[PDB]
Amino acid sequence: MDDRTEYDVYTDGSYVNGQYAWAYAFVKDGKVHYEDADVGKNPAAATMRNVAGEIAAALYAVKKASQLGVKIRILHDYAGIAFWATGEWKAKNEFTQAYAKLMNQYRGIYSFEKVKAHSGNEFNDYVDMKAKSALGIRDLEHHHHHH
């Protein structure tokens, strides 16, 4: 059992009240190394959420996947990514291409596939509930506020 065989990315955090939150679980070998989820998916959010570090190294994993002949697929957000692609103008060099992010579109290692499946594997449910936590969803018998 080696991670030569595809890569899986859990990101199906069911949106609530139309509000979108980003949830991600980096799973290898079928084992989730870690997961997290919060609201506000922006590059500058790294000031609070340093998750962007792993996501940056995952960019190299995407680039590496080309060499192996494999790729990954995202099954949730493909809309917000398109914003940074038109930030200033055409992405110059891989540096600006990383800033654009959506520029990766021409690279056949990334794509979006939309299926309808409520057969969500438990590992995805794990990160899904984590996303609800970011919106402030707790058990209704519990509350978390300040004056």
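A quick yes/no check of all residues on (1) under 20 Å from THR11 (Cβ atoms); (2) in contact (Cβ under 8 Å) with a residue 60 or more places away in the chain; (3) not basic (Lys, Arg):
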{"residue": "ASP38", "(1), (2), (3)": "yes, yes, yes"}
{"residue": "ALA56", "(1), (2), (3)": "yes, no, yes"}
{"residue": "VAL70", "(1), (2), (3)": "yes, yes, yes"}
{"residue": "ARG73", "(1), (2), (3)": "yes, yes, no"}
{"residue": "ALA82", "(1), (2), (3)": "yes, no, yes"}
{"residue": "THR86", "(1), (2), (3)": "no, no, yes"}
{"residue": "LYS92", "(1), (2), (3)": "no, no, no"}
Problem set entry | Condition met for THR47 (out of contact with any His (no Cβ under 8 Å at 6 or more places or on another chain), surrounded by 13 or more Cβ atoms within 10 Å (Cβ to Cβ), at negative phi and hydroxyl-bearing (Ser, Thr, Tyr)) | no
Exercise. Restricting attention to region 115-127, does a residue exist that is in contact with a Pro (Cβ under 9 Å, 6 or more places away or on another chain) and of a type in the set (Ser, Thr, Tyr)?
Worked result: no
Exercise. So which pairs qualify, if the first residue must be in region 1-17 and on the phi < 0 side of the Ramachandran plot, the second must be among the basic types (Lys, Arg), the Cβ gap must be under 6 Å, and the two must be at least 6 apart or on different chains?
Worked result: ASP3/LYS28
Exercise. Looking at region 1-10, which of the residues that are in contact with a strand residue (DSSP E or B) (Cβ under 8 Å, 6 or more places away or on another chain) and assigned to a loop (DSSP other than H, G, I, E, B) is surrounded by the fewest Cβ atoms within 10 Å (Cβ to Cβ)?
Worked result: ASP3
For this session: Show the residue pairs that are 6+ apart or on different chains and have beta-carbon atoms under 7 Å apart, the first residue being within region 98-112 and without any contact (Cβ under 8 Å) to a residue 24 or more places away in the chain, the second being surrounded by 15 or more Cβ atoms within 10 Å (Cβ to Cβ) and of a type in the set (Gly, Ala, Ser).
Result: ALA100/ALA85; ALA100/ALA91; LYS101/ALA85; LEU102/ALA85; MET103/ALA85; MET103/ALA91
Exercise. Could you say whether any residue in region 11-25 is in contact with a strand residue (DSSP E or B) (Cβ under 8 Å, 6 or more places away or on another chain), over 24 Å from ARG138 (Cβ atoms) and not in a loop (DSSP other than H, G, I, E, B)?
Worked result: no
Problem set entry | Near pairs, Cβ below 9 angstrom, 6+ apart or cross-chain, from region 136-147 (without any contact (Cβ under 8 Å) to a residue 24 or more places away in the chain and over 20 Å from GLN19 (Cα atoms)) to any residue that is in a loop (DSSP other than H, G, I, E, B) and hydrophobic (A, V, I, L, M, F, W, C) | none
Seminar exercise, completed: Of the listed residues (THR11, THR5), the one being within 19 Å of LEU102 (Cβ to Cβ) and not acidic (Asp, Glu) is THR11
Problem set entry | Qualifying positions in region 26-62 - in a helix (DSSP H, G or I), over 14 Å from the mean Cα position of the chain (by Cα) and not hydrophobic (A, V, I, L, M, F, W, C) | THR47, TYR60
For this session: Could you check region 77-147 for helices (runs of 4 or more DSSP H) lying wholly inside it with 3 or more residues that are loosely packed, with under 13 Cβ neighbours inside 10 Å?
Result: 93-100
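Heads up, the Cβs are rebuilt from the backbone with ideal geometry, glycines too, and the neighbour counts pull from every protein chain shown. Here, each number is a calculation from the coordinates, and none is a lab measurement.
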